[PDB]
Each structure stands twice: as structure tokens, then as C-alpha cells.
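A.B. asks: This is the structure, below, for whatever I ask next.
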Amino acid sequence: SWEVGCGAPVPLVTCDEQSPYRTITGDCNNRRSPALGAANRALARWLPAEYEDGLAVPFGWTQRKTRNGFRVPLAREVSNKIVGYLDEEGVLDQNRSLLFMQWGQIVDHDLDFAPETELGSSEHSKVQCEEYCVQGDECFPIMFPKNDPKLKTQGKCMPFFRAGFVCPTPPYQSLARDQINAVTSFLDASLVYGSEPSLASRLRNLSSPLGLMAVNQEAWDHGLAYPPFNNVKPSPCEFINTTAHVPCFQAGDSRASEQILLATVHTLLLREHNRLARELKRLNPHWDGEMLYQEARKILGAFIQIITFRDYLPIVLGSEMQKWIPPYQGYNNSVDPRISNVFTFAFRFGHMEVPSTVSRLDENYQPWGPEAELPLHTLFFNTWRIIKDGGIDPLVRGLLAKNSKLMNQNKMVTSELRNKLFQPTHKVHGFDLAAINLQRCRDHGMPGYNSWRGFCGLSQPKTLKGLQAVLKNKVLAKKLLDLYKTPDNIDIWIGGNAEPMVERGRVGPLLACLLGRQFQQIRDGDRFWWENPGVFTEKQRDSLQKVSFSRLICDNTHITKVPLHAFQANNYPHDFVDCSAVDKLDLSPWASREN
Ligand code: HEM
Ligand SMILES: *[C@@H]1O[C@H](CO)[C@@H](O[C@@H]2O[C@H](CO)[C@@H](O[C@@H]3O[C@H](CO)[C@@H](O)[C@H](O)[C@@H]3O)[C@H](O)[C@H]2NC(C)=O)[C@H](O)[C@H]1NC(C)=O
Ligand SMILES: *[C@@H]1O[C@H](CO)[C@@H](O[C@@H]2O[C@H](CO)[C@@H](O)[C@H](O)[C@H]2NC(C)=O)[C@H](O)[C@H]1NC(C)=O
Ligand SMILES: *[C@@H]1O[C@H](CO)[C@@H](O[C@@H]2O[C@H](CO)[C@@H](O)[C@H](O)[C@H]2NC(C)=O)[C@H](O)[C@H]1NC(C)=O
Ligand SMILES: *[C@@H]1O[C@H](CO)[C@@H](O[C@@H]2O[C@H](CO)[C@@H](O)[C@H](O)[C@H]2NC(C)=O)[C@H](O)[C@H]1NC(C)=O
Ligand SMILES: [Ca+2]
């Protein structure tokens, strides 16, 4: 059945047996099978692919054909009829801060990315998808249904390009299409350091041997730094306000500038490296430049792994945490550490947690000026609002103080995401994230709602009422199989997100399962997990325990009142305290006086 996984990546990476440092590619984590967990390779398949022609063609590609005897419903219509909502009033999650949403993206972007297919540059295929909405090749477009108001305003389709596949990027037929992953499967701060050895050596300041991450020369934030600008034109960030031409930020991940806030928590991560690396010459000046970068890298990875697993996962998984993430019991060389395909869709659950507006607060957590509260749609690829409109202190402040969206069945994904999305390649603020998610399922795999209900050993419904009592909504059950027509054909993203939430969490029975499994595998399979004996000295761990996001901001911003629990909804002034009462990171155990 194997062929035998194929693949051309970073053509040449061989291991060091006895060095304590991760590679950038993610190779040599596992000794036995050195590629497992690496980057630019196939996403894993917990379940066989489900295509029309059986190998590559997404369900609903040809007209005449059907998944299970029925015509699959258009993505934008499924969107139009189930997902969106008019009234923003009263969706905000009452026990979760914007940081809850925002750290969801950081962790995600650390774990998976399936790059879209541009076998196109100086090209007409980009044009043939945009202009003429002609399906074929790699242009698999999102049509508008009858009586969509995008028709009067935009056209017939939303261009949509198929994601990358392996063993060759050109046209090919054979096996079953597996989608590529351009980032390392481990929580290793790939998004801050890069995943391509070539990109990783460009984000660095090899000018001076303090082992520092290369910063911005031209823009400044009260003495505190910014990531460098990606000085390649064209620039999605320059496009949305040309008068100030401020390009996007350069980071270990392409997507760093997709949104204002994403770029903010990303500038906290960069600043933290240069602070640790600075602090670490202070103690052991005998060190060369790479042992600076590398030690600071290891401790920053430790940071992201500790916050993700101790503070985020329990408020996302909830009662199902103990079920899927049992306490730690060492390392397993036999576990697959890789991101499976379905995960790249299950973890998109956050798209229903993004609220309509992003606000900007002053030094008393009070609205910051005349235009404080900005619509989220004016914020995609917006770097000018942070270099030019006050730095990151008014944005870190909103993260701590403001609620995120609570996923609601009657209110699923905001219209700012579902109607006015800016897409980097294109010019309009009017793509649909909910619709673009649904085609993306069909592009990738992707076994229906029931296949994946079975994976977790849950009731696979069958009937209008067999769904009614699973989602606990009679109207949503109707709407769902009015379009899909059998519970089987429901795309995971919507089918999974449609379920009510498990006790003390933010996802449901199915999604808790898919999410839980992956997060356990990536912990149990990572040789460099912070708790495995060997990677940190027993002292170092006890200092690493003292860290919090609350501190990530006290050491790297001029915010001086913060919550003690930054992931849950709390109010200024009351729940906010001085940086002084917040535990610091004791870096003493990292000193190694030579003689
Ligand atoms: C305003 C906020 C956000 C915007 C505008 C945004 C934008 C996007 C866009 C344009 C895509 C491309 C979809 C595709 O072509 O595959 C994407 C994918 C994705 N999003 Fe978001 N995003 C946001 C926040 C989040 C959050 C909070 C999470 C999780 C908590 C998240 C999780 C993901 C994941 C896992 C993918 C697929 C990436 C992969 O290939 O692994 N996003 N996002
Ligand atoms: C790589 O690291 C070097 C060394 O840390 C960076 O250069 C240093 O940058 C700081 C702050 O940008 C400079 O400090 C101050 O400069 C201002 C104005 O230029 C001046 O008013 C003060 O006299 C003060 O020195 C400093 O010039 C410079 N330090 C040294 C020893 O060169 C460099 O920016 C880093 N490169 C990248 C890409 O990050
Ligand atoms: C708001 O959410 C928080 C976090 O989900 C809840 O506090 C947790 O309570 C559980 C139950 O014993 C414990 O595992 C933790 O000690 C708490 N979490 C943290 C981070 O300390 C809290 O109950 C919720 N608040 C309200 C008013 O419902
Ligand atoms: C483009 O960006 C500039 C900032 O570089 C914005 O300019 C501000 O605009 C307001 C009112 O027009 C002024 O009162 C501020 O002083 C301006 N700031 C500076 C220093 O330029 C501008 O609003 C943006 N325009 C677009 C196209 O959205
Ligand atoms: C490492 O973890 C794996 C997966 O949890 C364990 O694999 C199991 O091994 C037992 C017997 O060795 C087999 O019956 C099953 O094939 C595995 N279970 C499942 C459901 O995956 C393994 O036990 C662990 N390795 C060790 C020896 O600690
Ligand atoms: Ca990673």
C-alpha cells in the first residue's frame, strides 16, 4: 500500500548524536526514524482520504457526481444559511480574554501550515481563477448561490486555490493526495525561529555575538523593538494604506502579519528572545554567539510548551483534559509526533472565537483616543496601526481586558470574518472564511462528520432526530441536513463546531477528542519536551515553572498593571495588579562558570 511516502524537501540533513539542541527543520528528534516530525512533508492520516475520483478530486468538483447519492452543498451557501449572524450584541465569552483566542493561533501556527499552491507567478491561472471563475487545474473556486448579495457586488466566485501536495508540486496522478506541512510538528517556537534553515539564519543578527534575533532599524516602540520588515514588494500590508507605506513584519512564519493582534503577541515572543539572550551573556560571558541563540531558543520553546499545556489546554478541553492528556510519564520513541490532516481543521475552532472589534486602551485601561475601537476587517495585514498608531502597549492592554467571542449555535463566525476577509494575493475585503474553510476540507481529505464520530467511538447519527439529540438544537439539525441531506456528508469543520460544548471547556465531544489526541501525541513524542529528563537540569525546570504570559508582558512592555490570570475574563481596576506581585523567571541555574 506504501509507495513509499515519496517526498522532496530539504534535500540534505544528517544528525548530531550528542548535541542538546533541536534542529530548525525538526529532523533528528526521533533517532530511529529521523524525518518523523519534520517540515515540508505530508500531513498524517488517521483515516483514509475521501475523494471523488478516488485519489485527488474533491467532492463537488464535477456536477453529475455525488457523495453517497446526494449533491454536496456549496460552501458559501452552507455558510450563508448556518454560520453568519447580524446581531453582535451579547456574544462575548464571560470567562475568556482575547488572549485566549490569541494564544490559540500562536500554538496552532507553531504546529501546522499547508501552503497554498502557487505554481503561479507572471501568470494567467491566477487570472483565470480571479477573472473568469473557471474551475480546473488548481483553481477550485467558491461559487455564489442564488440571491447572495456578493453577486451584485463582486462577481460569480471567490477565487480559491488548492493546497500543496507531495512527491511533486506539478500536475500528477497516483496514490492518495496528502497535503504538505511547511512547519515543524513540535511545540518548538517554529513561528519565532523559522522552519527552513535558510530563513532561520536571516532573522538573526550575526553582526554581533550576543546571539540576538535581528530587529527593526527604522521603527521603534519606546526603546522596545519590532520584528524586521519583509522588504519584498508587493506587500499585503502596504496595499491597505499606501500613504504610509509600511510593509509586513518578518518572522519565523509567513502569517505573522495576517492580523494586528497576531503581530502583537508575536512581537512579545521576539522581544523575549533578545531579553533572555541578553541576560544570558550577563551570567556567562564566556559563551560564543550560537550558544547564546541556542540556549535562549530552548528556554523560549519551554515557555510556549508550559503555557500551552498548563493554562490553555485545560480551559479549552475541560472535563475531557484528563481523558486525553493524562499526566506525563516520560518519552515514547514509538509515538507519531506529526500533525494529522484533520487537526488542521479541528483546531480552526478558534475562528468562532474572534469578536467583531479590536480595541486599544490607554494607561488606565480606558479607551485610547477618538477611534479606540476598530472593526476587525480594517485590521487584516495592518502594520501601520502599530508602527504609526501608538505601539503595542494599547493592544496588549486590550488583550488582557477585553472578552473574546463565545461560540454560539445561532451566532457562529462574525461577519467581519465571514464577509469582509482580506486575502493577501487579492485586492478586495470580501472573502469568506467560513466558506473558504468548507472547500478546504473537500480539498484536503476529508472524511465526513460520522467517520470522525466513529474514530472517537461516539454516536454516529443517521436521522433528523439522531442529530437533534446530539447538537441539542432542532432548528440547527434541520438546517444542517436540509443542505447535506444525510448526517454523513457534513464537513467536519461545521459538524464538529455545531455540537454544544463539553463541561468547563470551549469545544465539544468530537473536537475535544481530535484535539486531545494530537496534543498528547506531540507531547509524548517530542524528545525535547521540557519535562523529559535530560533536556533541562532539575533546577532549571523549577524556574521554568514560575513563568506566565502575565510576565511575558511585564519584561517586554510598559504595561505595569496586569491580571494574575491572563487567560480568563477579569476587570480593571479590581482583578489587575502590579508587575511586582507576579513571579519572575530566575535565570541563575543557567550559569556555568568555566573553571
Ligand atoms: C482575525 C483572526 C484570524 C484571521 C484573520 C485568520 C486568518 C486565516 C486565514 C486567511 C487562513 C487560511 C485558510 C486556508 O487557506 O487554509 C487561516 C488558517 C488557519 N487558522 Fe486562522 N486566522 C485568525 C485567527 C485564528 C485563531 C485564533 C486560530 C486558533 C485559535 C486560528 C487557526 C487556524 C489554523 C489551524 C489554520 C490552518 C493553518 C494550517 O495550515 O495549519 N486562526 N487563518
Ligand atoms: C545587532 O546587534 C547590534 C548590537 O547590539 C545592534 O546595534 C546596536 O543598536 C543599538 C540600538 O539599536 C544602538 O544604540 C544606541 O544607538 C543610538 C542611535 O543609533 C545612539 O543614540 C546611542 O549612542 C546608542 O549607542 C547601537 O548603536 C548599536 N550598538 C552597537 C555596539 O553597535 C544592531 O542593530 C543589531 N542588528 C539587527 C539587525 O538587529
Ligand atoms: C472561569 O474559568 C476559570 C478557568 O477555567 C475557572 O477556574 C478553574 O477552576 C477549576 C476547577 O477546580 C480548576 O481546575 C482551576 O483551579 C481554575 N483555573 C485556574 C486557571 O485557576 C473558574 O471557575 C471560572 N469562573 C467562574 C465564575 O465560573
Ligand atoms: C494612512 O496612514 C496614515 C498614518 O501613516 C493615517 O494618517 C493619520 O490620519 C489622521 C486623519 O487623516 C491624522 O489626524 C493623523 O495625524 C495621521 N497620522 C499621520 C502622522 O499621518 C491615515 O489616516 C491613513 N489613511 C488611510 C488610507 O486609511
Ligand atoms: C508508547 O505509547 C504507545 C501508544 O500509547 C504504547 O503502544 C501500545 O503498546 C501496547 C503493548 O506494547 C500495544 O498493545 C498497542 O499496540 C499500543 N497501544 C495503543 C492503543 O496504541 C506503548 O505501550 C508505549 N511504549 C512503552 C513500551 O512504554
Ligand atoms: Ca512547531
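So you can find residues: chains in the C-alpha cells are A, B, ... in the order shown, residues in each start at 1, and ligands are numbered from 1 in order.
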Which residues of stretch 274-308 of chain A have any atom within 12 Å of an atom in stretch 546-569 of chain A when counting only C-alpha atoms, and what is the closest pair of atoms for each, with the distance in Å to one decimal? Order the rows by chain and rising number and write it as a tab-separated table.
C.D. replies:
residue	atom	partner	partner_atom	distance
A:274	CA	A:556	CA	9.9
A:275	CA	A:556	CA	8.0
A:276	CA	A:555	CA	10.1
A:279	CA	A:555	CA	11.7
A:299	CA	A:547	CA	10.8
A:300	CA	A:552	CA	10.5
A:302	CA	A:547	CA	9.8
A:303	CA	A:547	CA	7.2
A:304	CA	A:549	CA	9.3
A:305	CA	A:547	CA	11.1
A:306	CA	A:547	CA	8.2
A:307	CA	A:548	CA	6.8
A:308	CA	A:549	CA	10.3
A.B. asks: Using only C-alpha atoms, which protein or nucleic acid residues come within 7 Å of stretch 334-346 of chain A? Drop anything in the same chain fewer than 5 positions from it, and give the result as a PyMOL selection string.
C.D. replies: chain A and resi 36-37+43-46+112+185+493+511+514-515+518+521-522+524-526
A.B. asks: Write the residues of the preceding selection, restricted to N, CA and C atoms, as a CSV table (one decimal), in the first residue's frame.
C.D. replies:
chain,number,residue,atom,x,y,z
A,36,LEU,N,10.5,11.8,11.0
A,36,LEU,CA,9.2,11.9,11.7
A,36,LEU,C,9.2,13.1,12.5
A,37,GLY,N,8.2,14.0,12.2
A,37,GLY,CA,8.0,15.3,12.9
A,37,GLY,C,8.6,16.5,12.2
A,43,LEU,N,1.0,15.7,5.7
A,43,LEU,CA,0.2,15.6,7.0
A,43,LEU,C,-0.2,14.2,7.2
A,44,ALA,N,-0.3,13.8,8.4
A,44,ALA,CA,-0.6,12.4,8.8
A,44,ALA,C,-2.1,12.0,8.5
A,45,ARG,N,-2.4,10.8,8.2
A,45,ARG,CA,-3.7,10.3,8.0
A,45,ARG,C,-4.1,9.3,9.0
A,46,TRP,N,-5.0,9.7,10.0
A,46,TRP,CA,-5.6,8.8,10.9
A,46,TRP,C,-6.7,7.9,10.3
A,112,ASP,N,1.2,23.6,12.5
A,112,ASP,CA,0.8,23.3,11.1
A,112,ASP,C,0.7,24.4,10.1
A,185,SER,N,6.2,19.9,13.5
A,185,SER,CA,5.1,19.4,14.3
A,185,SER,C,5.2,19.5,15.8
A,493,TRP,N,-15.6,20.6,9.9
A,493,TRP,CA,-15.5,21.9,10.5
A,493,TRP,C,-16.8,22.3,11.1
A,511,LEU,N,-14.7,17.4,19.0
A,511,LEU,CA,-13.5,18.2,18.9
A,511,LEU,C,-12.5,18.1,20.0
A,514,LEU,N,-10.4,14.8,18.9
A,514,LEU,CA,-9.5,15.1,17.9
A,514,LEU,C,-8.3,16.0,18.3
A,515,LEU,N,-8.7,17.0,19.1
A,515,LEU,CA,-7.7,18.0,19.6
A,515,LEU,C,-6.9,17.3,20.7
A,518,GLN,N,-4.1,14.7,19.4
A,518,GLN,CA,-2.9,15.3,18.8
A,518,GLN,C,-2.0,15.9,19.8
A,521,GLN,N,0.0,13.3,21.6
A,521,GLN,CA,1.0,12.7,20.7
A,521,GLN,C,2.2,13.6,20.5
A,522,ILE,N,2.0,14.9,20.4
A,522,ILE,CA,3.1,15.9,20.2
A,522,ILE,C,3.9,16.1,21.5
A,524,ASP,N,4.0,13.4,24.0
A,524,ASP,CA,4.6,12.1,24.3
A,524,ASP,C,5.7,11.7,23.3
A,525,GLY,N,5.7,12.4,22.1
A,525,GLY,CA,6.6,12.1,21.0
A,525,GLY,C,7.8,13.0,20.8
A,526,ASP,N,7.7,14.2,21.5
A,526,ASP,CA,8.8,15.2,21.4
A,526,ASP,C,9.9,14.8,22.4
A.B. asks: I need the residues in stretch 107-326 of chain A that are strand (DSSP E or B) according to DSSP; give them as a PyMOL selection string.
C.D. replies: chain A and resi 116+136+139+142-143+157-158+161+163+165+179-181+204-205+212-213+221+224+229+249
A.B. asks: Under the rule of at most 9 Å, produce a per-residue listing of chain A near ligand 3: chain, number, name, the closest pair of atoms, and the distance in Å, as JSON lines, using only C-alpha atoms and all ligand atoms.
C.D. replies:
{"residue": "A:94", "atom": "CA", "partner": "ligand 3", "partner_atom_place_in_ligand_line": "1 (C)", "distance": 8.1}
{"residue": "A:95", "atom": "CA", "partner": "ligand 3", "partner_atom_place_in_ligand_line": "1 (C)", "distance": 4.8}
{"residue": "A:96", "atom": "CA", "partner": "ligand 3", "partner_atom_place_in_ligand_line": "2 (O)", "distance": 7.3}
{"residue": "A:310", "atom": "CA", "partner": "ligand 3", "partner_atom_place_in_ligand_line": "20 (C)", "distance": 8.4}
{"residue": "A:311", "atom": "CA", "partner": "ligand 3", "partner_atom_place_in_ligand_line": "20 (C)", "distance": 6.1}
{"residue": "A:312", "atom": "CA", "partner": "ligand 3", "partner_atom_place_in_ligand_line": "20 (C)", "distance": 8.6}
{"residue": "A:314", "atom": "CA", "partner": "ligand 3", "partner_atom_place_in_ligand_line": "5 (O)", "distance": 7.2}
{"residue": "A:315", "atom": "CA", "partner": "ligand 3", "partner_atom_place_in_ligand_line": "5 (O)", "distance": 4.9}
{"residue": "A:316", "atom": "CA", "partner": "ligand 3", "partner_atom_place_in_ligand_line": "5 (O)", "distance": 8.3}
{"residue": "A:318", "atom": "CA", "partner": "ligand 3", "partner_atom_place_in_ligand_line": "5 (O)", "distance": 7.7}
{"residue": "A:504", "atom": "CA", "partner": "ligand 3", "partner_atom_place_in_ligand_line": "5 (O)", "distance": 6.3}
{"residue": "A:505", "atom": "CA", "partner": "ligand 3", "partner_atom_place_in_ligand_line": "5 (O)", "distance": 7.3}
{"residue": "A:565", "atom": "CA", "partner": "ligand 3", "partner_atom_place_in_ligand_line": "20 (C)", "distance": 6.6}
{"residue": "A:566", "atom": "CA", "partner": "ligand 3", "partner_atom_place_in_ligand_line": "20 (C)", "distance": 8.9}
{"residue": "A:567", "atom": "CA", "partner": "ligand 3", "partner_atom_place_in_ligand_line": "20 (C)", "distance": 7.6}
{"residue": "A:568", "atom": "CA", "partner": "ligand 3", "partner_atom_place_in_ligand_line": "2 (O)", "distance": 6.0}
{"residue": "A:569", "atom": "CA", "partner": "ligand 3", "partner_atom_place_in_ligand_line": "1 (C)", "distance": 7.3}
A.B. asks: Could you report the residues within 8 Å of ligand 4, using only C-alpha atoms and all ligand atoms, as a ChimeraX atom specification?
C.D. replies: /A:240-245,384-385,388-389
A.B. asks: Excluding residue A:415 and its own-chain neighbours fewer than 6 positions away, which residues fall within 8 Å of it when counting only C-alpha atoms? Please give them as a ChimeraX atom specification.
C.D. replies: /A:84-86,356
A.B. asks: What does the file look like for those residues with C-alpha atoms, as a PDB file, in the first residue's frame?
C.D. replies:
ATOM      1  CA  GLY A  84     -23.303  34.005   9.939  1.00  0.00           C
ATOM      2  CA  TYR A  85     -25.338  36.388  12.122  1.00  0.00           C
ATOM      3  CA  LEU A  86     -26.374  40.063  12.137  1.00  0.00           C
ATOM      4  CA  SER A 356     -16.127  41.855  15.647  1.00  0.00           C
TER       5      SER A 356
END
A.B. asks: If we count only C-alpha atoms and set the cut-off at 12 Å, which residues sit around residue A:230, ignoring sequence neighbours fewer than 5 positions away in its own chain? Please answer as a PyMOL selection string.
C.D. replies: chain A and resi 199+202-203+215-216+235-238+246-257+383
A.B. asks: Keeping only N, CA and C atoms, write the selected residues to a file as a PDB file, in the first residue's frame.
C.D. replies:
ATOM      1  N   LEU A 199      15.811  30.435   6.066  1.00  0.00           N
ATOM      2  CA  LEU A 199      15.062  31.550   6.644  1.00  0.00           C
ATOM      3  C   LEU A 199      15.490  31.848   8.070  1.00  0.00           C
ATOM      4  N   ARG A 202      18.438  34.325   8.624  1.00  0.00           N
ATOM      5  CA  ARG A 202      18.207  35.681   8.126  1.00  0.00           C
ATOM      6  C   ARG A 202      17.528  36.552   9.181  1.00  0.00           C
ATOM      7  N   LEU A 203      16.816  35.899  10.092  1.00  0.00           N
ATOM      8  CA  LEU A 203      16.111  36.585  11.166  1.00  0.00           C
ATOM      9  C   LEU A 203      17.058  36.898  12.322  1.00  0.00           C
ATOM     10  N   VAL A 215      16.482  42.717  14.744  1.00  0.00           N
ATOM     11  CA  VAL A 215      15.326  43.597  14.946  1.00  0.00           C
ATOM     12  C   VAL A 215      15.207  44.717  13.910  1.00  0.00           C
ATOM     13  N   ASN A 216      14.172  45.536  14.078  1.00  0.00           N
ATOM     14  CA  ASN A 216      13.892  46.648  13.183  1.00  0.00           C
ATOM     15  C   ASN A 216      14.844  47.814  13.437  1.00  0.00           C
ATOM     16  N   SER A 235       3.544  43.960  -1.194  1.00  0.00           N
ATOM     17  CA  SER A 235       3.345  43.712   0.226  1.00  0.00           C
ATOM     18  C   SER A 235       1.880  43.926   0.617  1.00  0.00           C
ATOM     19  N   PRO A 236       1.202  42.855   1.080  1.00  0.00           N
ATOM     20  CA  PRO A 236      -0.198  42.926   1.514  1.00  0.00           C
ATOM     21  C   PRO A 236      -0.457  44.008   2.566  1.00  0.00           C
ATOM     22  N   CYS A 237       0.567  44.348   3.341  1.00  0.00           N
ATOM     23  CA  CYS A 237       0.441  45.379   4.366  1.00  0.00           C
ATOM     24  C   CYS A 237       0.499  46.802   3.795  1.00  0.00           C
ATOM     25  N   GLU A 238       1.354  47.007   2.795  1.00  0.00           N
ATOM     26  CA  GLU A 238       1.477  48.303   2.118  1.00  0.00           C
ATOM     27  C   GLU A 238       0.210  48.661   1.345  1.00  0.00           C
ATOM     28  N   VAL A 246       4.027  50.955   4.902  1.00  0.00           N
ATOM     29  CA  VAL A 246       4.618  50.162   5.953  1.00  0.00           C
ATOM     30  C   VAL A 246       4.387  48.734   5.643  1.00  0.00           C
ATOM     31  N   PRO A 247       5.419  48.042   5.264  1.00  0.00           N
ATOM     32  CA  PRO A 247       5.320  46.627   4.907  1.00  0.00           C
ATOM     33  C   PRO A 247       5.081  45.731   6.120  1.00  0.00           C
ATOM     34  N   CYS A 248       4.853  44.447   5.858  1.00  0.00           N
ATOM     35  CA  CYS A 248       4.593  43.455   6.898  1.00  0.00           C
ATOM     36  C   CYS A 248       5.836  43.173   7.739  1.00  0.00           C
ATOM     37  N   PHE A 249       5.662  42.401   8.808  1.00  0.00           N
ATOM     38  CA  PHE A 249       6.774  42.001   9.654  1.00  0.00           C
ATOM     39  C   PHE A 249       7.363  40.696   9.175  1.00  0.00           C
ATOM     40  N   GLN A 250       8.671  40.561   9.353  1.00  0.00           N
ATOM     41  CA  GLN A 250       9.366  39.331   9.021  1.00  0.00           C
ATOM     42  C   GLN A 250       9.495  38.492  10.283  1.00  0.00           C
ATOM     43  N   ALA A 251       9.045  37.243  10.187  1.00  0.00           N
ATOM     44  CA  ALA A 251       9.059  36.329  11.318  1.00  0.00           C
ATOM     45  C   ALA A 251       9.328  34.897  10.869  1.00  0.00           C
ATOM     46  N   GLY A 252       9.424  33.988  11.836  1.00  0.00           N
ATOM     47  CA  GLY A 252       9.669  32.574  11.564  1.00  0.00           C
ATOM     48  C   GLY A 252       8.538  31.889  10.824  1.00  0.00           C
ATOM     49  N   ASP A 253       7.430  32.607  10.675  1.00  0.00           N
ATOM     50  CA  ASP A 253       6.257  32.101   9.986  1.00  0.00           C
ATOM     51  C   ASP A 253       5.712  33.180   9.039  1.00  0.00           C
ATOM     52  N   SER A 254       5.182  32.761   7.890  1.00  0.00           N
ATOM     53  CA  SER A 254       4.662  33.686   6.873  1.00  0.00           C
ATOM     54  C   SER A 254       3.498  34.538   7.367  1.00  0.00           C
ATOM     55  N   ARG A 255       2.763  34.014   8.333  1.00  0.00           N
ATOM     56  CA  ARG A 255       1.445  34.528   8.636  1.00  0.00           C
ATOM     57  C   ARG A 255       1.453  35.578   9.737  1.00  0.00           C
ATOM     58  N   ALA A 256       2.657  35.951  10.168  1.00  0.00           N
ATOM     59  CA  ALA A 256       2.860  36.865  11.297  1.00  0.00           C
ATOM     60  C   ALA A 256       2.048  38.150  11.217  1.00  0.00           C
ATOM     61  N   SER A 257       1.751  38.596   9.994  1.00  0.00           N
ATOM     62  CA  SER A 257       1.077  39.877   9.770  1.00  0.00           C
ATOM     63  C   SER A 257      -0.378  39.768   9.334  1.00  0.00           C
ATOM     64  N   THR A 383      -0.122  46.779   9.511  1.00  0.00           N
ATOM     65  CA  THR A 383       1.060  47.059  10.332  1.00  0.00           C
ATOM     66  C   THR A 383       1.215  48.549  10.599  1.00  0.00           C
TER      67      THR A 383
END
